[PDB]
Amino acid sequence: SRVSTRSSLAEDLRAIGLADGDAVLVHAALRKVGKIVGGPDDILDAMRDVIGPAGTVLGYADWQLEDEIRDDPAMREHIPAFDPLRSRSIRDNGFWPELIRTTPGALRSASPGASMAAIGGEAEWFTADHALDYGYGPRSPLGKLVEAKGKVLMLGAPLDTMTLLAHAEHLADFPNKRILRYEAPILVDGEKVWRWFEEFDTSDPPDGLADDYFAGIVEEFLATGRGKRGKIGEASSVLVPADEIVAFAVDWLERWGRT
């Protein structure tokens, strides 16, 4: 139990594989890092030191609308619409996405449940044109992370929380993919509008698979030797390439689909 600094976190970052120009989606359990001089913003600052101004740091924001509130007819006129500039990140994703979203210069994508926050050189591209329906498919920050050959850093975070594998759930061809259909309010140029949405279910695993089955896929990909386990401060962390673990996961799901 000793203090991390902005310079200290930068060298831990490089030791795990973070490099110049990297785009990296980060899932964090910030308590695992331990003591930090300047708070967790030192983590994001050290990240931008390593990747430089061309790199991008992302976080999975989502938003705070509860399903039972959304579907309560008495609540309709009182629910604030999703606003990429104002809607706060879902608390269950930890402070990290909210840390990014509230950093000046950061941007947030338009697809509510799948919304990502991004800061850095390509933050505008990663958050632009996010599909409202199927916000985990190719027209999403997750698809663009694969396209740009980005990475995913699990910063102390349990491996089941790697949202990128939901992009694999979208791409993979396996039978009986559940489809969700829901109505939610979104801000359309400043005005609240209720819009119907549809997507593949991301809150429940496919039938047969366990809730934390994302964790097993990550563990299998690391056994291939294409990842990197590393210590960020005091937090056991994993850095994996985005395109390689998506392909590994798509094949994993399609193979299971043929059983």
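When you see a residue number, it is the position in the sequence shown, counting from 1.
Enquirer: Mean C-alpha B-factor higher for 141 to 149, or for 87 to 95?
Expert: According to the entry, 141 to 149 carries the higher average C-alpha B-factor.
Enquirer: Comparing average C-alpha B factors as deposited, tell me which of 104 to 112 and 153 to 161 sits higher.
Expert: Taking the mean B-factor of the alpha carbons in each, 153 to 161 is higher.
Enquirer: From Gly38, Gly55, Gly190, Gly225, which pick has the Cα B-factor that tops the rest in the entry?
Expert: Across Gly38, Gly55, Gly190, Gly225, the entry lists the biggest C-alpha B-factor for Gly225.
Enquirer: Between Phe200, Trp196, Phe221, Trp63, let me know which has the highest C-alpha B-factor in the entry?
Expert: Most elevated C-alpha B-factor of the set, per the entry: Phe221.
Enquirer: Going by the entry, which third of its chain does the Cα temperature factor of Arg70 land in?
Expert: It falls in the bottom third of the chain.
Enquirer: Relative to the other modelled residues of the same chain, rank the CA B-factor of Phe126 and answer lowest, middle or highest third.
Expert: For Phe126, the deposited C-alpha B-factor lands in the middle third.
Enquirer: Using the B-factors in the PDB entry, rank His167's C-alpha atom against the chain and give the third, lowest, middle or highest.
Expert: CA B-factor rank for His167: middle third.
Enquirer: Looking at the temperature factor on the CA atom of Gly230, which third of the chain's modelled residues does it land in?
Expert: Ranked within chain, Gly230 CA B lands in the highest tercile.
Enquirer: For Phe174, return the chain-relative third of its C-alpha B-factor as stated in the PDB record: lowest, middle or highest.
Expert: Highest third, going by the recorded CA B-factors of the chain.
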